[PDB]
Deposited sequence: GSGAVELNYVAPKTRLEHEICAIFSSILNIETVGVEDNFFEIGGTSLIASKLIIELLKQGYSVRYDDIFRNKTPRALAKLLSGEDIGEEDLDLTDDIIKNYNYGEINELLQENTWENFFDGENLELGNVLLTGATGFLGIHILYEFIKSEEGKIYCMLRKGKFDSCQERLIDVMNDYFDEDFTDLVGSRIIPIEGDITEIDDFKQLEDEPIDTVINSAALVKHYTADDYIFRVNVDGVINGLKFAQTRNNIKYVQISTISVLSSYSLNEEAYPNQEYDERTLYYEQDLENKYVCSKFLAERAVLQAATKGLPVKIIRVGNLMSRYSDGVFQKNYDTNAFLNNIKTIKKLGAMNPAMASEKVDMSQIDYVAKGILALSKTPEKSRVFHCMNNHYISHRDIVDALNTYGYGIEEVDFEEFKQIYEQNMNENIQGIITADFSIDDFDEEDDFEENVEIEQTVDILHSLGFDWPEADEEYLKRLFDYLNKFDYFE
């Protein structure tokens, strides 16, 4: 908190104060043009890629490492095949340009100097809530700084950072210095809890991005939440077992029950295909529209989730604090406001589908092909 607190946020906050409905409604929109996509092999990135191809006209440059594969072109085609039935190889080389590189190497952007990019969408990130080393800050902060530096070699390149609602992490740890504190799309710093490495890293990427805006860079920060399976067909991420949220669902299923604090917990189910649609729509908003809370606003409860699980016959029951506390041993967020983004998204013809029972069954059906609940 040396690097965090020893920082004058006055300029940043003055920008954030332009991020109002009046300034969206009266502002002049931006065009996507050609996109440079980082993170194109991840769960969110590969769906941004899909939506771009399905509903925008430009090219999209995908920075990735060849890895074990022969060419980075072949790696990308393997990932798209893994996620979509459509074959997309015909577009590779014309609309999808694969690019060998890693956002932690500033030199890996130099090859893009002569290409016509208008927009950088940075969805590459290391999301590991517990890590014992500092490589998370290479990917999440330094990879952002490297992209911002690429964007600043020009005057016509937007930078769109994919951030996390979790930067609004807690009540203030200094209510005295932050009275009447709001938690919305005009908030970045209010001495919240930043002890967690992942949250601290995304916080420092946002601060870097908004700092670049004070120097003239057109930027957007899109805070996403609980990234869940596609709405169209319930397909989840290829590494299905790293998700803590669904892991707790799997514990409650194996324990056979949950206390009513668990049943009452409300969550967003931001369906990954709709997160991608939303990222591409908010990228066209006027320049003073800089920060967005892009998450399904129709929260559901764990009562709703287990209700859908119980259609499989798991008989998960809601016990009491005592009853539950016995079956185990045998083995602020409401304050966070997202209404301004919901309004902007609505005006752009975007409405979050409800995480209803039929969608939860689509989601659980896919998980069950991996015997996730067996």
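Annotation: deposited residues 1 to 94, 426 to 448 are not represented by C-alpha coordinates in the model.
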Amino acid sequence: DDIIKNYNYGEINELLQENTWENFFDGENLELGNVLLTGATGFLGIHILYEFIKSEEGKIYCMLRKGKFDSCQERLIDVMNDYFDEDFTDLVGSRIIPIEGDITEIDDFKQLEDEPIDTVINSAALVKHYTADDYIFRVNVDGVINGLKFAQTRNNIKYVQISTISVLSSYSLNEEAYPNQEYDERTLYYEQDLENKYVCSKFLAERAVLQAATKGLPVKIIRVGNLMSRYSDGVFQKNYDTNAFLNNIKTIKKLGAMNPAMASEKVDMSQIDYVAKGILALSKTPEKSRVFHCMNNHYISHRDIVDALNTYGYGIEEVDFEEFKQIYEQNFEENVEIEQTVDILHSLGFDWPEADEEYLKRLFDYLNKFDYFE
From here on, numbers count along this sequence of modelled residues.
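Judged by mean Cα B factor in the deposited record, 255 to 263 ranks above the other of 274 to 282 and 255 to 263. Averaged over Cα atoms, the B-factor as recorded in the entry is higher for 171 to 179 than for the other of 152 to 160 and 171 to 179. The PDB entry assigns its highest CA temperature factor, among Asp233, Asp87, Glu287, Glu185, to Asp87.
Ranking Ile327, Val342, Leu49, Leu36 by the C-alpha B-factor listed in the PDB entry places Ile327 at the top. Annotation for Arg75: CA B-factor lies in the highest third of the chain's modelled residues. Sort the modelled residues of the chain by CA B factor and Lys220 lands in the lowest third. When the modelled residues of the chain are ordered by their C-alpha B factor, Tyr190 lands in the highest third. Ranked against the other modelled residues of its chain, the C-alpha B-factor of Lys128 as given in the entry falls in the highest third.
Remark: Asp114 belongs to the highest third of its chain, ranked by C-alpha B-factor as recorded.
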